[PDB]
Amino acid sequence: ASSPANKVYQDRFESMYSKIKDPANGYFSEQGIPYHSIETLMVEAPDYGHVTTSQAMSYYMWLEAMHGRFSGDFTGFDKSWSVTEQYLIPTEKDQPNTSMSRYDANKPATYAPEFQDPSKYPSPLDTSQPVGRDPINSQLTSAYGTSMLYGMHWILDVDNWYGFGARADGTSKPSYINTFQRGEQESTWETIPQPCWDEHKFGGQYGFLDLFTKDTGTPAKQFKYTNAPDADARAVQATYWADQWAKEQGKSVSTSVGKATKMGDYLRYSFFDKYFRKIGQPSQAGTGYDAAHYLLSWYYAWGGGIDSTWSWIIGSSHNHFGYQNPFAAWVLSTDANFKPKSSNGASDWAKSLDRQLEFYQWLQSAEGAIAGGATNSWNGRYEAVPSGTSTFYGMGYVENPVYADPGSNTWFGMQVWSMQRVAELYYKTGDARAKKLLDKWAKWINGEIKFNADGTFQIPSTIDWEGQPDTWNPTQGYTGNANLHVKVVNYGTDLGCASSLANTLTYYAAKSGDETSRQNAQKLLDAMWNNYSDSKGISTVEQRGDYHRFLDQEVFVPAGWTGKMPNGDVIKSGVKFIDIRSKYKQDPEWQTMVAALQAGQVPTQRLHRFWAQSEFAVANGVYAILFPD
């Protein structure tokens, strides 16, 4: 039987769940897939509001798990897994096993350099550069009896707004797409959206392929997908709680547990350097697990031929603290119901749990905020790490891993998303390493929450960094990183971040007994409920400071390359963001946005992001369970 919950906060969960699931609110497509946001005029990581992301799907899982806990009905949670498998994990038709079975674990992919400006792409493939061996592929094909990968592709054009359709048909929905391809300076404003399945039917002469990669011959027809490890790890996290909550009530989500466990087994590909080079010795090809950093890196990716049979897989050399999930790693390595089938699945996750906790502590600043991360591939070309750069297992510190436009660690949101998982681990296990991190981090952030007399509040929004951590010595441990400092640049009322913050502080308070954390969590939740509720969930008006880029951002197109988007928009040198997305001019908010820009005003919007609404709902449910009085 489930323990009693605080009825006030349970009712607030239940209300939010109804608003989110309400067909009249429009959070979901007709196929039952959640959109990034209700509103369509939306550019921030996805560049259209009615895409879906693996991030949104994993929040949909967490939301439904919590509904199961309060309602006793887990059919919604099982359905969230069904929708995921149907639409976001590429099927047999989307990643033909005929190509995947031709994968060569001794030569997983061909090296190409990354560049610091999009104008340097296409990047030339070089077969002479060393590439290491993949030691896990044989474990996976042996356990699961296929060469297909079981992981979510990160983004889906749910209603076929771009027009690529499914497997180049132009008409089916949903449509697998990707955007980012051209390194750290390619913002969301500078991409050329492209189909995952490229049969050269759209775009240029060879579809979109030769915008990004240059090979010897004629570009082949080919598919490719990219994982977002932080989403797949959150799926495992959510499913663990669904299982716990289901078993407290004599119910079962065993089917979904098997899917989560399998996903966690494939998620190990994010543990490896991009081209399986040795960690801390990047000039050398790895021999297997010497190429594993055991962190959740920015991606893994795979692809292969459509009309001939070959395939490739890469991990990623770049690691951000924001992606780590020690809770998921604890689950997969210790809980017998979530032990992966592969021979080394559980022990690899055990190593990852230890490595991840070291990583957070290495990056913890003097004040307590967590700095960016590290890379095994300096400048994305395995260049020499400058003398004086601090290192973690031979990987050089990077202040803003992977993206510089804007810096990937200049947003406060990464702090809460990631420390929330450390707080669950600490709540569940009392782990000393987690305690130490949280004591200092929570003390930092409790000093940065500002409550106003009118019931409104502010928390950090944009942050900046000085210095670097001390070189990590696993036997010395944490030095205090006296020369690493966070700066709060501005404050805001980001409701998704405030919700995640409330969640983190609630788990931490429950375990540590810290009253200041508990009351800050409740005050945030109350302020949001009382002051920001609307008929669709919660919202506030926000400034969209980068929206001038709709009209003024030039998109790079190589000299002489011309093509067309499916709607006929011409792609050629000179185009702006809006020129290759001309359907955006039909958006109900377009004229409002343009009028603002014409007057030299910053446009504002009131946005209902699926992840933020779910975050708020889950944060209420968490407080209700942990603080029943």
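We number the residues from 1 along the sequence you see.
Relative to one another, 191-199 and 283-291 have unequal mean CA B-factors, and 283-291 is the one with the higher figure. With 585-593 and 35-43 compared on mean CA B-factor from the PDB entry, the stretch scoring higher is 585-593. Of the residues listed, 453, 209, 166, 363, the entry assigns the biggest Cα temperature factor to 453. The residue among 70, 28, 577, 48 whose C-alpha atom has the highest B-factor in the PDB entry is 70.
Ranked against the other modelled residues of its chain, the C-alpha B-factor of residue 605 as given in the entry falls in the middle third. Residue 565 sits in the middle third of its chain by CA B factor, as recorded in the PDB entry. Residue 503: CA B factor in the lowest third of modelled residues in this chain (values from the PDB entry). Per the deposited record, the Cα B-factor of residue 431 falls in the highest third when ranked against the other modelled residues of its chain. Among the modelled residues of its chain, residue 617 has a C-alpha B-factor that falls in the lowest third, as given in the PDB entry.
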